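Residue numbers (the deposited numbering), protein chains in the order written: chain Z, 5 to 290; chain E, 66 to 114; chain C, 60 to 107; chain U, 562 to 748; chain a, 284 to 376; chain c, 82 to 310; chain b, 1 to 191; chain D, 92 to 144. Here is the structure we will look at, set down as structure tokens.
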Amino acid sequence: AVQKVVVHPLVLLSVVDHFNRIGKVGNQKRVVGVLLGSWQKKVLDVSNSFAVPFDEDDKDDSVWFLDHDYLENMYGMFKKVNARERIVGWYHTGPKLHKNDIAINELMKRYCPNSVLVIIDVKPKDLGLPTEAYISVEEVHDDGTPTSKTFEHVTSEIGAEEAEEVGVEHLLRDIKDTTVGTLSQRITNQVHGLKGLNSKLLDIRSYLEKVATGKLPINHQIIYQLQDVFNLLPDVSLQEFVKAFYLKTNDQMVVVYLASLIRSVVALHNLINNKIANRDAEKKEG
Amino acid sequence: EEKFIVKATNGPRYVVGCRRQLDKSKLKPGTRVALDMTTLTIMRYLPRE
Amino acid sequence: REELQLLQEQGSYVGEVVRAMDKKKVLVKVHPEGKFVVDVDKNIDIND
Amino acid sequence: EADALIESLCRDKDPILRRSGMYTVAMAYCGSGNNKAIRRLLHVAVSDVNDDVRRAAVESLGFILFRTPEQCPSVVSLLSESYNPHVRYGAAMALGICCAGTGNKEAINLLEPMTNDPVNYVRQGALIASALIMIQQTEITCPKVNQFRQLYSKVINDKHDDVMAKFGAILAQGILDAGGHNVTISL
Amino acid sequence: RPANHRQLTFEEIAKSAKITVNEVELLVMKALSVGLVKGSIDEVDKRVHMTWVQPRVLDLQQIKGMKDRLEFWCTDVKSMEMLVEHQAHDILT
Amino acid sequence: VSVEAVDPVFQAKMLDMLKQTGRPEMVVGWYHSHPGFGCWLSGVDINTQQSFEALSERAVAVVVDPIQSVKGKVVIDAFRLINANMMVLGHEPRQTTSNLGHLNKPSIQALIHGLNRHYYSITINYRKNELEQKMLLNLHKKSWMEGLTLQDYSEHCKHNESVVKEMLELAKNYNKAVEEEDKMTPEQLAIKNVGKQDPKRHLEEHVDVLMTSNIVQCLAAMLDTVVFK
Amino acid sequence: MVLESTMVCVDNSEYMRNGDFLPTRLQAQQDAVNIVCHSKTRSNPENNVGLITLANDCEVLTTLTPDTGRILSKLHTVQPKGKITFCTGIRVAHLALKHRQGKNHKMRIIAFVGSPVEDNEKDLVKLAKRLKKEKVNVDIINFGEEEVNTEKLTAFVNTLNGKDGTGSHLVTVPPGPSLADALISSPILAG
Amino acid sequence: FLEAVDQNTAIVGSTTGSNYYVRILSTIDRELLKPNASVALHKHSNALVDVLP
Ligand SMILES: [Zn+2]
């Protein structure tokens, strides 16, 4: 159905507000809010949202608390002031996916249309993309397991419409734009290695552990395709790619010629002025 | 080809861009179009009668 | 960027003074819905 | 002793506390006994975008470099005309405190570009800096007539200037007339 | 064998399937007819090229090889990253 | 916008709904928008302001007008209401005059000293903690980055031999278009040499061209890392 | 007047529709809810009444509100599924008592049980210990029965009920032609 | 465009016929100082980025 979605920073900043108004409780469990957007267009667009109280139980995990009246009131007034946005789905700040979440989402699965689930972290220590869009659909399982709600990963992007970019850029005055050049590119070319390093290290360890040491048949079948992807590159000897390396290095030579020639052109005015201005200043000095 | 010049009925002249929705098929000149007060985008065109 | 606010000023008209007065208030001939009579700036003399 | 403490509080998020680290390390390193502080002082001065630590930067610099009045205007010569006016203000305070009580003309001859600027802050700071020098000085040795006249013009120009401009003006004039030339200041 | 000269010949195939050299063309024709293998051999002289295939059920030696190649790839990427970033952080930042 | 437009029962209702929730804050005032006729306040506006300031002595007034406001600056100016009985004494008896220069951002020569009678403004500052800083910075950096971050890099790396090449050809075309004039330049350098009648710098642009040319060199090591491991 | 919250649990099972006892007594106890909520309305109209079932999946039909107008409309569509649930039925109410508006209102929760308890004595005495710990008023009402009326339920109530003075009361209704209304109106908990 | 009375400054006529006085940006060279040309200012800033034939 939906190929990709658009998530604005405003809702995550509303989560920052959720971490703001806490006021030192001593509980700070997962808080379920109500996300709003436009389900009319194929691509999902998030504008703004509100917050609803959500509480659970220590021992029993099947306990979930929502409000129909508050939801209908907030959505009612929001629809009253703005008719260009309606209900879509919900989201939680919990780093882990609870089993009760299917029952929590079941409500909006009944009353509302199909809802999208978003998982974020309470502490922004994650370098990767904090927002993961998960569509709720029923898929046929190959192993023959009974049909249940399955969360499928949907690609997403973080962007703003018009004024939000200005607001962010003004409030920050730190981050820099694309700015094609040396430092902007080389920073990426440096840190990206760590971007892959910490992620892969955080992944393959728990992967290796849970595969051999673990149970609850999450359908490992896709991981054979994972390993297959890892085997899609059987150590190519580059012998066929030698010509490509030759063309690339030829382009490098072109870069060399361009650089040398252009710099040689720039050196003109400098290696003229450095003489003609100095000799004239010196002779007219006294 | 991406951005062209528009002429208002009142007489001032302006310039607009291209929306990701519409294509370059009806973007060709010789056809009266419509504009928006914000960002000067184009929802659709205005066929003459 | 300090001139940027003077760009936000939405430009400036072209003044034409057909007559000067002894009250030190300069009248200016302008395009229709024009003719705004006001004293000039203090750093610039009127008689000039 | 407190080196580790200052180094630990230098990375703090609070701009006020960031300036507090510089103000703390200011009087501690006075006497020009540490060349390490000025490194991160100038570093946080140029790199950081917030004008708070930038205007709070060279005060500690002048405090530790107060020993030699001559070397200061040379290294603050680049901070004479800066990007943001706050740096020019802090630099004006720097030239004010460093050249205070001395006969150094390196600031004095550079006071002329400083006395006139589109920004009122750097102007006021230039008035203070000009107030902290001419005090206790003979007129026959050096031509202070120019800056004295431009200082005496501040009161008649108050109508055509900013409200805070005349404030810093008469405030700068209250420095020379203080104590009737009898009392002065010494670092 | 995930590595070490993937290139093979029809000899092993004809030896295992006890079939002649004449029927291996129809055999691989049927193999390409099913669609489980994308293998296409560009060879001139006698040769057999292989391609992507599905692990399906399970393999133990391919699990050992999985963790092996993965550990090696990981420590290589890590080594290169640290090596480059070592001077890169100092001379550029 | 009017004092009658505000529904008291609906107001108190929503406020109560905020009270039962985790938002126990009283209303500090009200804000609005004044598009296209200016950010100033009309008669009805100052009247309903007078009516709404009966409770709170402060009554912060904020007017946002993005319509004629350039996207270059989002800077906004908060508004205040002076008393009518203070006309005898001084206008603004406020200390800390050092922030008036920061309040000088509305430097417009009309509305300020034009409407200055019985009217004034107040300074504006922000607040940021480590949580908001790190979160928003990481989110924005990620917004300018990719999901796995290794996706769209190799794409351009392999597009250097297709897309960028044409851009390099065009770059050589413009550079040559400069060079043909650069052939005429040494004559002038052999004639006048006094003063510059040409506003064109001819240098920094070509430098930027070199900066765009360095992409190949920077992505070369990238391709090396991709090929290696 | 008296400031307190009212939580009523209805049985959505098919045991209420049996042909021996009242002909779908669900409507009768519905009318009971009506007359007691109207009684509370006459006494203290500012009290709110929530509604939820005893089934496996806990679903709130109406959030606690002083206006029973839409509640009367939400009394329909009982969705006759599931059998019975106890623990999470308690945890979906007593733990949800903190979501009330007025903080000065006392905590009062009742229940209508038309099905045998599937939980052992352990869970019973534990949950009773919990309710006694957090000190919440609980009124046990059982409509219809299969096995013996009160066996472990007596000790359950005794252990659940603290503060003997003016505390909670136990309501036990036997089989009979009379309705449940005037029968549950007998204690002081009603009216 | 109408005329240039001085260096790096000129006047520009509008569509309504009302002449506007706007100082050009330093980046713009003397090529745009041509007496008769089609010039495009901003709808707000009223600055000329480029001219069209
Ligand atoms: Zn209006």
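We put the CB at the ideal spot given by N, CA and C, even for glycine.
Which residue spans inside the segment 99-167 of chain c form an unbroken beta strand (DSSP E) run of at least 3? For the segment 99-167 of chain c, whole beta strand (DSSP E) runs of length 3 or above, ordered along the chain, are 110-113, 141-144, 159-161.
Beta-carbon of c/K264 versus every beta-carbon of chain a: anything under 8 Å? Along the sixth sequence, one-based indexing puts residue 264 of chain c at 183. c/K264 does not count as touching chain a.
Could you name the residues of the segment 351-376 of chain a whose beta carbon sits closer than 7 Å to any beta carbon of chain c, in the order they occur along the chain? Residues of the segment 351-376 of chain a with a C-beta atom less than 7 Å from some C-beta of chain c are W356, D359, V360, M363, listed in chain order.
Do C/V96 and C/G74 have their C-beta atoms within less than 8 Å of each other? What you label residue 96 of chain C is simply residue 37 of the third sequence in a count that begins at 1. What you label residue 74 of chain C is simply residue 15 of the third sequence in a count that begins at 1. Taking 8 Å as the cut-off, the beta carbon of C/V96 is found no closer than this to the beta carbon of C/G74.
Mind listing the chain D neighbours of E/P112? Cutoff is C-beta to C-beta under 8 Å, in chain order. For the purposes of this step, residue 112 of chain E is taken as the residue at position 47 of the second sequence. Neighbours of E/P112 on chain D: none; closest Cβ ~26 Å, over 8 Å.
Hey, is the segment 622-632 of chain U in contact with the segment 592-611 of chain U, meaning 3+ C-beta pairs nearer than 8 Å? Short answer: they touch.
So is c/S188 in contact with chain C if we call contact Cβ pairs under 8 Å? As a working mapping, residue 188 of chain c is identified with position 107 in the sixth sequence. Chain C places a beta carbon closer than 8 Å to that of c/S188, counting this residue as a contact.
Find the residues of chain D that neighbour E/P77, judging by a C-beta separation of less than 7 Å, and give them in chain order. Here the question's residue 77 of chain E lines up with position 12 in the second sequence. Those are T106, listed as they occur along chain D.
Grab the span of the alpha helix (DSSP H) containing Z/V260 for me, first residue to last. As a position in the first sequence, residue 260 of chain Z is number 256, starting the count at 1. Per DSSP, Z/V260 belongs to the alpha helix (DSSP H) from 246-287.
Strand pairing of Z/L121, partner residues [DSSP]: Taking the first sequence and counting its residues from 1, one reaches residue 121 of chain Z at position 117. Partner(s): Z/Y138.
Residue-chain proximity (c/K277, chain a), Cβ-Cβ < 8 Å: For this step, residue 277 of chain c is matched to residue 196 along the sixth sequence. Not an interface residue.
Host beta strand (DSSP E) of Z/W43 (start-end): Counting from one through the first sequence, the residue named residue 43 of chain Z turns up at place 39. Per DSSP, Z/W43 lies in no beta strand (DSSP E) and is assigned neither H nor E.
I'd like to know whether the C-beta of C/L86 is nearer than 8 Å to at least one C-beta of chain c. As a working note, residue 86 of chain C is residue 27 in the third sequence. Taking Cβ atoms only, chain c never reaches closer than 8 Å to C/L86, which makes this a no.
Check whether the Cβ of c/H115 lies closer than 7 Å to any heavy atom of ligand 1, and answer yes or no. Translated into positions along the sixth sequence, residue 115 of chain c becomes position 34. For c/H115, the Cβ falls inside the 7 Å cut-off from some heavy atom of ligand 1.
Complete runs of the alpha helix (DSSP H) confined to the segment 586-646 of chain U [at least 4 residues]: Here the runs fully enclosed are 598-607, 612-616, 618-625, 633-636.
Helix, strand or coil for a/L343? Go by DSSP, reduced to three states. In the fifth sequence, counting from the first residue as 1, residue 343 of chain a sits at position 60. In this structure, a/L343 counts as coil in the three-state DSSP scheme.
May I ask you to check if the CB of U/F709 is nearer than 7 Å to at least one heavy atom of ligand 1? For this step, residue 709 of chain U is matched to residue 148 along the fourth sequence. Checking the Cβ of U/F709 against ligand 1 gives no.
Can you give the beta carbon distance from Z/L131 to Z/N202, rounded, assuming they're within the 8 Å contact cut? On the first sequence, residue 131 of chain Z is found 127 positions in, with the first residue counted as 1. On the first sequence, residue 202 of chain Z is found 198 positions in, with the first residue counted as 1. Beta-carbon to beta-carbon, Z/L131 and Z/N202 are separated by about 6 Å, close enough to satisfy the 8 Å threshold.
Endpoints, the beta strand (DSSP E) within which b/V138 is located: Taking the seventh sequence and counting its residues from 1, the one referred to as residue 138 of chain b is at position 138. That run of the beta strand (DSSP E) goes 137-142.
What I want to know is whether the C-beta of c/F160 ends up closer than 7 Å to one or more non-hydrogen atoms of ligand 1. The sequence position of residue 160 of chain c within the sixth sequence is 79, counting from 1. Flag unset: Cβ of c/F160 not near ligand 1.
For a test of your reading of the model: does the CB of c/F118 fall under 7 Å from any non-hydrogen atom of ligand 1? Yes or no. Locating residue 118 of chain c in the sixth sequence gives position 37, counting from the first residue. Answer for c/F118: yes, Cβ within range of ligand 1.
In whole angstroms, what is the alpha-carbon distance linking b/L97 and c/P89? Within the seventh sequence, numbered from 1, the residue matching residue 97 of chain b stands at position 97. Within the sixth sequence, numbered from 1, the residue matching residue 89 of chain c stands at position 8. Approximately 30 Å, taken between the alpha carbons.
Span of the alpha helix (DSSP H) around c/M216: Position 135 of the sixth sequence, counted from the first residue, corresponds to residue 216 of chain c. Counting along the chain, the alpha helix (DSSP H) containing c/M216 begins and ends at 211-224.
Anything in chain c within Cβ reach of U/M725, meaning under 9 Å, just list it in chain order. Here the question's residue 725 of chain U lines up with position 164 in the fourth sequence. Residues of chain c with a Cβ closer than 9 Å to the Cβ of U/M725 are, in chain order, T178, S179, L181, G182.
Helix, strand or coil at a/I374 [DSSP, three-state]: Here residue 374 of chain a refers to the residue found at position 91 of the fifth sequence. If DSSP states are grouped into helix, strand and coil, a/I374 belongs with the helices.
For c/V297, which residues of its own chain have a beta-carbon under 8 Å away from its beta-carbon, when the five flanking residues on both sides are left out? To locate residue 297 of chain c, count along the sixth sequence from 1; it is residue 216. The beta carbon of c/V297 sits closer than 8 Å to those of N241, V245, all from its chain and outside the five residues before and after it, given in chain order.
Per-residue DSSP class, three states only, for D/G104: By one-based count along the eighth sequence, residue 104 of chain D stands at place 13. Note: D/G104 maps to strand in three-state DSSP.
Please name the residue or residues paired with D/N110 in a DSSP beta bridge. Within the eighth sequence, numbered from 1, the residue matching residue 110 of chain D stands at position 19. Beta-bridge pairing links D/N110 to D/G104.
Tell me, please, which residues DSSP counts as bridged to residue 1 of chain Z. Because chain Z is modelled from 5 through 290, residue 1 of chain Z falls outside the range shown and cannot be assessed.
Could you name the residues of chain C that D/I102 contacts, counting a contact when the two beta carbons are closer than 8 Å? Here residue 102 of chain D refers to the residue found at position 11 when the eighth sequence is read from its first residue. Within chain C, the residues near D/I102 are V73.
Examine chain Z for any beta-carbon lying closer than 8 Å to the beta-carbon of a/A286, and answer yes or no. Sequence index remark: in the fifth sequence, residue 286 of chain a carries index 3 (1-based). Closer than 8 Å to some Cβ of chain Z, the Cβ of a/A286 qualifies, so yes.
Excluding the 5 residues flanking residue 62 of chain E on each side, which residues of the same chain have their C-beta closer than 6 Å to its C-beta? No information on residue 62 of chain E is available, as it lies outside the stretch 66 to 114 that chain E covers here.
Which same chain residues end up closer than 8 Å to c/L300 when comparing Cβ atoms and leaving out the 5 residues on each side of it in sequence? Your numbering for residue 300 of chain c matches position 219 in the sixth sequence. Same-chain partners within the cutoff: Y234, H237, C238, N241.
Between the C-alpha atoms of c/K273 and c/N256, what's the straight-line distance to the nearest angstrom? For the purposes of this step, residue 273 of chain c is identified with residue 192 of the sixth sequence, where counting begins at 1. For the purposes of this step, residue 256 of chain c is identified with residue 175 of the sixth sequence, where counting begins at 1. Take the alpha-carbon of c/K273 and the one of c/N256: they are about 25 Å apart.
Use the C-beta contact count for b/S115: other C-beta atoms within 10 angstroms, 16 or more gives buried, fewer gives exposed. Indexing the seventh sequence from 1 puts residue 115 of chain b at position 115. Counting Cβ neighbours within 10 Å, b/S115 comes out buried, since at least 16 surround it.
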